[PDB]
Amino acid sequence: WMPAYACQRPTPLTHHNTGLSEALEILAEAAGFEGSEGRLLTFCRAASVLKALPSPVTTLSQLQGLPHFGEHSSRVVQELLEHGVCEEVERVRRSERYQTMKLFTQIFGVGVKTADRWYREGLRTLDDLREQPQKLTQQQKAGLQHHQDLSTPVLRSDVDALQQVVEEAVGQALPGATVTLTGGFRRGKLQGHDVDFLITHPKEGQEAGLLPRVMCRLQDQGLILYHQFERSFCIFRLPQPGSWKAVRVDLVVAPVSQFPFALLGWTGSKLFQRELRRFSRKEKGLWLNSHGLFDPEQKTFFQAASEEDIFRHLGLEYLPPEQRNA
DNA sequence: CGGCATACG
DNA sequence: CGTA
DNA sequence: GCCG
Ligand SMILES: Nc1nc2c([nH]c(=O)n2[C@@H]2O[C@H](COP(=O)(O)OP(=O)(O)OP(=O)(O)O)[C@@H](O)[C@H]2O)c(=O)[nH]1
Ligand SMILES: [Ca+2]
Ligand SMILES: [Ca+2]
Ligand SMILES: [Ca+2]
Ligand code: NA
C-alpha cells in the first residue's frame with residue numbers, strides 16, 4: 001500500500017489530512033523538547049504518512065496497514081475523528097513546559113538544551129532573558145533583539161529581490177559563480193522562516209575561499225545585521241515599504257562536483273533528508289550526505305551530475321522538490 | 001532488543 | 001553548544 | 001513510538 005520510508009512516496013505541500021498531521025506534529029515537537037528523538041521521529045513519520053495519502057482519513061479502519069501507526073498514534077487520530085480534539089495534544093498545547101520551550105527554541109542561537117536549562121532555572125519569557133543578558137552569547141543576543149521580525153514569515157515575494165542582491169555580491173566575489181534558491185521555497189512554499197541559497201562555480205576548484213569574499217561584500221553593502229568557511233547563518237536587512245525588516249538567510253558554497261548532493265540536502269524537507277539518508281544506509285549500504293554518496297565496501301564515491309542521478313543510484317523513483325514535503 | 005541522518009560554525 |  |  002504505502003512504503004515505510006518518506007523518500008519512497010510523493011509528499012505534496014498541501015494535502016488532505018492537515019488537521020491530523022498537525023496534531024501528531026505537536027506530539028513530535030513535545031517529544032523533542034524532552035529529548036526523546038525516537039518518539040519525535042515516529043510521530044513525525046506518522047504525520048508524514050497522512051500527508052502522502054490521496055484523500056482524508058474518515059475512519060479508524062483506514063489506518064490499518066499504514067506504517068508508523070501503532071496504538072499511540074492511532075489513538076490520537078481516533079480521538080480527533082470522534083471528538084475533533086485529542087486531550088493529550090491539548091494538554092501539551094496549554095502546558096507551561098511546551099509553550100516556554102517552544103518560545104525559547106524559536107530564538108536564533110537557542111537549542112533544546114539551552115532552553116531546557118533556562119526553563120529549569122525558572123525563566124519563562126523573552127523579557128526574563130533580556131534582563132540577565134550576561135548569560136547570552138552574541139548569537140543569542142542577536143536572535144533575541146531580532147526575534148519579532150524573525151517570527152514573521154518571509155514571503156516568496158521577498159525572496160527574488162534578496163536573491164538579486166546576493167547574486168550581485170557573488171558575481172563580484174567570483175565572476176561566473178551562480179546562486180540557486182533551495183530550502184522550502186524550492187519545494188514550492190509561499191512562505192518560510194528563512195531563505196536558503198546554494199552557491200557554486202562551473203569550474204571545479206574556483207569556489208575555494210568564496211564564502212568569506214561574499215560575506216565581506218554583503219557586509220560592506222550594509223546588508224548584514226548579524227553573521228558569525230562554507231556555510232553562513234546570517235540575519236539580513238531586507239527592504240520593506242518605507243523601512244526594512246530582519247530576515248534569516250543561509251548561504252552555502254559547494255564545489256560543482258558536489259552540487260547535486262548539496263542541492264538535494266539543502267532542499268529538504270528535514271524529514272525527507274533524514275529518511276533518505278536512513279534508506280541509503282540501511283537498505284542500500286551507502287552513506288549519504290550533502291557532499292556525496294559513499295560505497296564503504298568499494299571505498300568509492302558516486303559521481304552525480306544531477307539530483308536525478310542520485311535517486312537512480314539509490315534505486316528510488318525520482319521526486320521533484322515539490323513532492324519532498326515530508 | 002537496537003536503531004533512529006549527518007554534517008559544519 | 002549552535003546551525004542546516 | 002514504532003519497525004524489523
Ligand atoms: N531546520 C533544519 N534543516 C535541516 C536539518 N538537517 C538538515 O539536513 N536540514 C536541511 O536544511 C534545509 C533547510 O533548512 P530550513 O530550516 O530552512 O528548512 P525549510 O526551508 O523547509 O524551513 P522554512 O520553510 O521554515 O524556512 C531543510 O529543508 C533540510 O533539508 C535540521 O536539523 N534542521
Ligand atoms: Ca499498525
Ligand atoms: Ca528555509
Ligand atoms: Ca535555513
Ligand atoms: Na533556536
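Chain naming here is simple, since letters A, B, ... match the order of the sequence lines and numbering starts at 1 in each. Note: hydrogens, waters and symmetry copies are ignored here, and every other heavy atom, side chains too, is used.
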So what does [X] hit on the nucleic acid, given a heavy-atom distance under 4.0 Å: a base, only sugar-phosphate, or nothing?
X        : value
A:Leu211 : nothing
A:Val110 : sugar-phosphate
A:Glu230 : sugar-phosphate
A:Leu276 : nothing
A:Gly109 : sugar-phosphate

On a whole-Å scale, what distance lies between the P atoms belonging to D:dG1 and B:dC8?
34 Å
With P as the reference atom in both, quote the distance from B:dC4 to C:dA4 in angstrom, rounded to an integer.
23 Å
Compute the ring centroids of A:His227 and A:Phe233, then answer whether they are less than 6.0 Å apart.
no
Using a cut-off of strictly less than 4.0 Å, decide whether [X] has a side-chain nitrogen or oxygen near OP1 or OP2 of [N].
X        : N     : answer
A:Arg281 : B:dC4 : no
A:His68  : D:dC2 : no
A:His291 : C:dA4 : no

Are A:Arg117 and A:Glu121 within salt-bridge range, i.e. N to O under 4.0 Å?
yes
Should the pair A:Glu37-A:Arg274 be classified as a salt bridge under the 4.0 Å nitrogen-to-oxygen rule?
yes
A:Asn289: what forms a side chain to side chain donor-acceptor pair (under 3.5 Å) with it, not counting sequence neighbours?
none
Of the nucleotides [options], which one has an atom closest to the side chain of [X]?
X        : options             : result
A:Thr114 : C:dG2, D:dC3, B:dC4 : C:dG2
A:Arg39  : B:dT6, C:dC1, D:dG1 : D:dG1
A:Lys282 : C:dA4, B:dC4, C:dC1 : B:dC4
A:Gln139 : C:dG2, C:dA4, D:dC2 : C:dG2
A:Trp266 : C:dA4, B:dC4, C:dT3 : C:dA4
A:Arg248 : C:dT3, D:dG1, D:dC3 : C:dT3
A:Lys270 : C:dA4, D:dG1, B:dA5 : B:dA5
A:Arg231 : B:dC8, B:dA5, B:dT6 : B:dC8
A:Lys113 : B:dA5, C:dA4, C:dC1 : C:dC1
A:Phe229 : B:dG9, D:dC2, D:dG4 : B:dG9

How many whole angstroms separate atom [atom1] of [X] from atom [atom2] of [N]?
X        : N     : atom1 : atom2 : answer
A:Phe301 : B:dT6 : CZ    : P     : 13 Å
A:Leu63  : D:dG1 : CG    : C1'   : 15 Å
A:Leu293 : B:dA5 : CG    : P     : 17 Å
A:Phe43  : D:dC3 : CZ    : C1'   : 15 Å
A:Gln273 : C:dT3 : CD    : P     : 19 Å
A:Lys284 : B:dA5 : NZ    : P     : 19 Å
A:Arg278 : B:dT6 : CZ    : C1'   : 14 Å
A:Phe294 : B:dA5 : CZ    : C1'   : 17 Å

Would A:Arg97 and A:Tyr119 count as a cation-pi pair here, with the cationic atom under 6.0 angstrom from the ring centre and within 45° of the axis?
yes
When you check the side-chain N and O atoms of A:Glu29 and A:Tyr98, is any donor under 3.5 Å from an acceptor?
yes
Please answer whether the main-chain N or O of A:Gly84 pairs with a side-chain N or O of A:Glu79 as donor and acceptor at a distance below 3.5 Å.
no
Considering heavy-atom distances to DNA chain B, does A:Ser290 or A:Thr42 have its closest nucleotide positioned more toward the 5' end?
A:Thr42
